[PDB]
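Structural features, examined
Listed below, chain by chain, are the residues.
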Amino acid sequence: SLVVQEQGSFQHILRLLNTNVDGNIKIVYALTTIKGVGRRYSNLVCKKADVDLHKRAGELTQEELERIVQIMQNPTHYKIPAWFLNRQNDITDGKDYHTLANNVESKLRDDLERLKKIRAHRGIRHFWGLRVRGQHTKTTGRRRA
Amino acid sequence: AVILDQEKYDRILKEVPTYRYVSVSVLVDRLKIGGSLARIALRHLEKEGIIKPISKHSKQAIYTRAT
Amino acid sequence: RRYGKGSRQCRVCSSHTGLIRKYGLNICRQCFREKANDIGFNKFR
Amino acid sequence: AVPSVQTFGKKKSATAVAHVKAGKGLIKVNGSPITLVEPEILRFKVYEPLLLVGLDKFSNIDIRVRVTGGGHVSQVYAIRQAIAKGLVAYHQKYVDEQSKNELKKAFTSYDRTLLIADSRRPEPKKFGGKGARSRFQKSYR
Amino acid sequence: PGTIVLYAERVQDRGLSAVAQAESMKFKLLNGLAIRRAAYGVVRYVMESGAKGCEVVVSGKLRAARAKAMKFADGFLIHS
Amino acid sequence: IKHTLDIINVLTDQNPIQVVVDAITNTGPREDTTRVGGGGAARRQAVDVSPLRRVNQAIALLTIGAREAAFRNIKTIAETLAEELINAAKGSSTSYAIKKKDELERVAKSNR
Amino acid sequence: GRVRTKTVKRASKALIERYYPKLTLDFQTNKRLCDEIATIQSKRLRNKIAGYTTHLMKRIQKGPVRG
Amino acid sequence: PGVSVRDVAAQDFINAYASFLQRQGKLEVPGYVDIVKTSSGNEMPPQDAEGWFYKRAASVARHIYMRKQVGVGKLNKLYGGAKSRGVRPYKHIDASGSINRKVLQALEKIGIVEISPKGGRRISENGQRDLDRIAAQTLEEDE
Amino acid sequence: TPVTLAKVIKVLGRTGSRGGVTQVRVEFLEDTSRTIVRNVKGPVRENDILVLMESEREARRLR
Amino acid sequence: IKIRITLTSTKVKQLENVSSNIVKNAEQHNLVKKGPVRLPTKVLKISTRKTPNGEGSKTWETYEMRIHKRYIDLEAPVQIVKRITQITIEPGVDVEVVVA
RNA sequence: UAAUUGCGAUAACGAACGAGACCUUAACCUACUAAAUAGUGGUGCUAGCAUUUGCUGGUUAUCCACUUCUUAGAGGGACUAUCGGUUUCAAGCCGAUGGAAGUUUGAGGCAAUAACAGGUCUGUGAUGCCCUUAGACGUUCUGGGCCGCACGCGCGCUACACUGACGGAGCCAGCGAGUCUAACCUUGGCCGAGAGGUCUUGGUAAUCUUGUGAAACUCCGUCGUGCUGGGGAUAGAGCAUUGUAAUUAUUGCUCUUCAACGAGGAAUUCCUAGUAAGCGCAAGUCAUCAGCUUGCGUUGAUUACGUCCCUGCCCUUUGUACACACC
RNA sequence: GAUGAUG
């Protein structure tokens, strides 16, 4: 272990999935800004991409980033087990997906609107803004808006 | 500072031998390298023989000037 | 029916609530205090 | 048989049994050298009964300790009581009275607990609080 | 059948069992005897039987709407 | 305290225990004030401070300042306590301990 | 507080007025005498009775005790 | 003078044996060394992703040497921890059963352990030779 | 300013509405055979030494 | 002929009359026996609120029933074993005899 | 004096209940009686390293001995004993030696007289009187609710971070519970990321689960004063366990979502040493569900050794136009 | 020797 000097090509931000990621944070924890990229999705993707995890996010070469992103978008192709993803057995498709960046919120608006048009109890509560997971509302969550 | 340019690497080696007592924190207020980079700085300067250890510990590193 | 609050009743007063089951007593806490001396539970410390 | 002695020490629930016999200078606790006792910071508590009277006295003896109960800190205090007690009981039976008296004088003048156990024990809890004396919070409105 | 057998025995020291005396008074009261006559009847017998003290308390609607207790005693009992 | 005693020797080439003692003897306030009143109305009044309490309130100040100086800071506890003990024994107004002492003794003189 | 109750004060008095020649200043000796000269129900009360009887014995050596 | 595993501090021995096995390279590694985390109580997989499995093997090796026998259950107990549970308080939670089973099956295929009467695993004559041999080296490196 | 030292020779009692102020008589080390009575703020015994910031202030009693 | 005679009672006094009877009876027949082994007392505790209706200061109460167990081993001819099992029946004490 | 506990005084004399004594538990005993369903040593058999007679383990189908540690039955011990100060010098009080133990040795159980229009007829086949008694307020079946949420309050649990979060190693308790008109506590083997699944096994228990290998804790590392790897609410999606049945998610697991909260205003609670406080475990309820309660142990300070200022309590004297008694 | 009304 020793200190090594580096070149001045460092880039202090970088655009992935239409979001800007800081370059002064270790690589694994830097990607977490991307919605969908949680703590244990960065750890696994960054080691399937075979990057030195000890370096900063701005220390990566151009090819490595696109190497990482390509894995992130089709995780199953690189043998990321199904149980690592945030969407499985999609209600309309039967397939598996991992949702990133803007897809996370857009899919979310689609999830509620499904229950709303069906007019199920869950969808009703969301449209009313209340708690939907069986909590008591008598004493809790008063100044939520 | 997270990573170091030449203008800083030489800066370390030229000022650190004057410190009466050095540690992970002392190298972070006299010069502005991060907490992580101070630790590798300490171990490198130990191998290179510029600073002595009084004791070594996971949470509190104590060094002094070489004699 | 095989289980629950309805499957167990105090053997003395038929009450459903407060029953103690430790050591298979199955006697409601109120009746236990009345019968404690005869059953053999005394008050020491 | 070779001379032998059995002694013990306690602190809270911890207890250690020290078998002592004429030997070559072994000091092992729990089947390991005395040099490997943990936690590290308190190694000199175990070394204390040796240093205070010189290593000379321990050359002709073998001491084997074993500890159970209590916790990491209380066990260490059990070991140090057993070692000091073993030496005094050995000199009682196999050397002479004077040596036992002078030994005892050194051990006591530094720390009484080396030979006499600590009489403190825990208090029971009482209903109405989380501890023997503490209580739940009271409110009036 | 044939394994469990019941025996009887006449209680020793008839006048020094609290169960016997309390049951004695209950039947006396149901028959119409006065409360003061009954309570002192129990007390007098127990003291004649060698007891070192007796105490009997009857609480309820003795005389009017309001409920109250009333105590009778002899000798010297202990409490603690 | 194993780390802190070590740092004192490096920073001053002096016996570390003796520095701890000097920090105690330069912090124990000598005069304090007491609430005194009648019927509820009250005021302060000056009194002397006893030997044992001089040591007690010395230790509390030295360790309260060292604890508060390290909180939400890059420096470790063994370091802030090390600096606190070094300055107080020197009699430096930089120390939390010394500044507080003079605040107590100034009030005492004004309420004699 | 180490005040002694009337049960102790009077049981001790009742033994001196009958057994002065046989009582001594020794607690251990007095303790064993009170087993053969009285019927007491507990070791604790017996120790206290013998203790205060010893206490009065010292007093009598100095002079007459009232009562 | 002779040497036994009990004569060397635990911290030194565990790293020493783990390195030896890493160089030797015939210990079977279960492949999921990058995905699995060591217990349900934890939140991040091991930080030393390269060598964590080798470290676990060394710890179990010494663990058997001290005592009669063990089982996969006894090791889950020993390698549990404090579950966060968030707002609610902590609670002991047992470790990964798969990982601890495949370090004991691996250790048998290398010959360091064997099944024993009365259940569980146990040291073998060959196991004691390897661990004892490495203890004497670790002492030699005290210079 | 100078500071003088004195030695407690008796503890007279306790004062203050709440008992946190003991009362003492002292004997000055230099120029002994001069004694003053004053109040103290912490636990105190005989033969203690007190540092007096001003020597000549004899102290009042609340009773 | 190995036998193990056990005893369980909630009151020691009666149980020492039975045990002392057994050992003193065996020594007059010069049988070989183990001593009376006294196993740890196991206590039973029940905790309960005094109040029958929920009101008032929270006052809790504890009860205790105690169990003392003992056993002896005998190696004796069957004829003496027969009368041994028959004697020393006492209220409040429970006995069990096992062969081999 | 902790005490209407004592010394005494005395128009009172001798007594009874309460306090103390008493019982339970926690500390000590190399002294009695015993004990593998608890232990230790030695010896048969045996693995490893060195090999001079050494160090550490295995073998509960080897057998022998012993009781220091563990268990109980019966007993011993403390009485402030002894010594020095102090009050007419009486009850006592302060300190010291010795001792396991010297704040009535620590903690409890019990606990008088006289009262409350305290709580309970929703513990009782304990009860008077009023009401209801077949289109019932009886009994029982299906489905809801007691969990509904603009807000106000009371016990609590997580936090707001380097005295730290995360990762790998180190590695230690005590109190308990466990299978009939039957399914309880579960070692061990194997599959699975995980929860969990499957085949076996011991224990009706000092025998087995269970050294309950628990947590905080120590060591070596990664991060570095950034609402940041502190914080984990509120949400999406999938896999499991208990149950006839989980929708208003019972609970557990996995990925993702990643809010308030930067030490807290007026106020206010608890506490004097193995105590407060930090940490978790067994038991009660229990098919499943603890952020609660009853006990238990592990780590272990700071500050008085006082006073009557605030809140109250006990005794005497004193005033009163109070008696539902200062509301 | 500060303040303190009412049910």
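The structure under discussion appears in the preceding block.
In this report, we go over the structure that sits alongside the text.

Procedures and definitions
Residues numbered from 1 in each chain as written, not as in the entry; some residues may be left out. Chains lettered and ligands numbered in written order. Part of a larger assembly, values for the part shown. Heavy atoms only, no water. Residues with missing side-chain atoms left out of burial classes, pairs and counts. Near = heavy atom within 4 Å. Polar contact = N/O pair within 3.5 Å; in protein donor to acceptor, adjacent residues only side chain to side chain. Pairing = 2+ DSSP bridges. Helix = DSSP H or I, 4+ residues; strand = E, 2+ residues; numbered from the N terminus. Contact = heavy atoms within 4.5 Å. Axes fitted to C-alpha atoms, helices over the stretch in contact; angles between N-to-C directions. Buried area = accessible area lost by both parts, 1.4 Å probe. Salt bridge = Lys/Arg side-chain N within 4 Å of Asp/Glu carboxyl O. Expected span 1.5 Å × (residues − 1). Buried < 20%, exposed > 50% of the residue type's maximum accessible area, 1.4 Å probe, protein only.

**Quick notes on the protein's contact with RNA strand L**
- Neighbouring residues of RNA strand L: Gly38, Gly39, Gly40 and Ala41 of chain F.
- Between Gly39 of chain F and RNA strand L, the recorded distance is 3.0 Å, taken from a backbone N or O atom to a base nitrogen.

**Section: the sheet that holds strand β3 (residues 62-65) of chain B**
Residue and element names in this part refer to chain B.
- One open sheet holds the 3 strands; their spatial order is β1-β3-β2, and the pairing between them is antiparallel. Because the sheet does not close on itself, it has two edges, and the strands there are β1 (21-22) and β2 (51-55).
- On the sheet, helix α3 (residues 35-47) packs against β1, β2 and β3 and is oriented at approximately 110 degrees with respect to β2.

**A short note on the sheet that holds strand β1 (residues 4-11) of chain D**
Residues and elements named next belong to chain D.
- With mixed pairing, the 5 strands of this open sheet are ordered in space as β1-β2-β5-β3-β4. Each edge of the open sheet is held by one strand with a lone partner, namely β1 and β4 (32-33).
- Where strand β2 (residues 14-22) lies against strand β5 (residues 61-68), 8 bridges are found, and the strand directions are antiparallel. Its bridge partner being in β5, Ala18 is matched across the sheet by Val65.
- Seen against the sheet, helix α2 (residues 72-94) touches β1, β2, β3 (27-29) and β5 and runs at an angle of roughly 150 degrees to β1.

**Observations concerning the arrangement of the chains**
- Across the gap from chain E to chain H, with no contact made, the nearest C-alpha atoms are 45 Å apart.
- What separates chain F from chain J at the closest point of their C-alpha atoms is a distance of 35 Å, and the two make no contact.

**Remarks on unusual backbone geometry**
- Cis geometry marks the peptide bond from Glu38 of chain D to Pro39 of chain D; its omega dihedral reads 5 degrees.
- Take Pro39 of chain D: it is sitting in the loop between β4 and α1 (43-51).
- A positive phi angle, close to 60 degrees, is found at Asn18 of chain A, a residue other than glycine.
- Within the secondary structure, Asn18 of chain A is located in the loop between β1 (13-16) and β2 (19-22).
- Positive phi values are uncommon outside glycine, yet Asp31 of chain I reaches one of about 60 degrees.
- Its location among the elements puts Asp31 of chain I in the loop between β2 (21-28) and β3 (35-40).

**A short note on the interface of chain J and chain C**
- With 14 residues of chain J in contact, the opposing surface of chain C contributes 16 residues.
- Here chain J and chain C share an interface that buries about 1500 Å² over both sides, 61% of which is from carbon and sulfur atoms.
- Sorting the residues of chain J by area buried against chain C places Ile46, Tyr63 and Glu64 of chain J first, and these three jointly supply 41% of that buried surface.
- If you look at where chain J meets chain C, you find 2 salt bridges.
- Where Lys43 of chain C meets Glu61 of chain J, a salt bridge forms, and the shortest distance between an N and an O atom there is 3.9 Å.

**What to know about helix α3 (residues 97-110) of chain D**
- With 14 residues, α3 of chain D should reach 20 Å at 1.5 Å per residue; the first-to-last C-alpha distance of 21 Å fits that figure.
- Buried residues along α3 of chain D sit in contact with α1 and α2 of chain D.

**Points about the pattern of salt bridges**
- Tallied over the entire structure, the rule returns 37 salt bridges over all chains.
- A salt bridge links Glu63 of chain A to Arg67 of chain A; the shortest N-O distance between them is 3.1 Å. Placement of both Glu63 of chain A and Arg67 of chain A in helix α3 (residues 62-73) is noted, with a separation of 4 residues, approximately one turn of the helix.
- According to the relative accessible area criterion, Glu63 of chain A is partly exposed, its value standing at 48%.
- The closest approach of N and O atoms between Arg30 of chain F and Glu105 of chain F, which form a salt bridge, is 2.9 Å. On the criterion of sequence distance, the pair formed by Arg30 of chain F in the loop between α2 (16-25) and β1 (31-38) and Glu105 of chain F in helix α5 (residues 96-110) is long-range, its members being 75 residues apart.
- One connected set of salt bridges, linked through shared partners, spans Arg87, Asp90, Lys107, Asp111 and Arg114 of chain A.

**Quick notes on helix α1 (residues 18-31) of chain E**
- In this model, α1 of chain E (14 residues) spans 20 Å end to end at C-alpha, consistent with the 20 Å of a helix rising 1.5 Å per residue.
- Backbone geometry just downstream of α1 of chain E places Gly32 of chain E in the positive-phi region, at approximately 115 degrees.

**Considering the pairing of β2 of chain I**
All names here are of chain I.
- Of all 8 residues in β2, 6 are buried; the element is thus mostly enclosed.
- Two elements, strand β1 (residues 4-15) and β2, share 8 bridges in a ladder whose sense is antiparallel. Bridging from a neighbouring strand, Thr15 pairs with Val21 of β2.
- Where β1 hands over to β2, the hairpin turn is made up of 5 residues, of which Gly16 adopts a positive phi near 75 degrees.
- Linking β2 to β3, which pair antiparallel, is a turn of 6 residues; within it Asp31 sits at a positive phi near 60 degrees.

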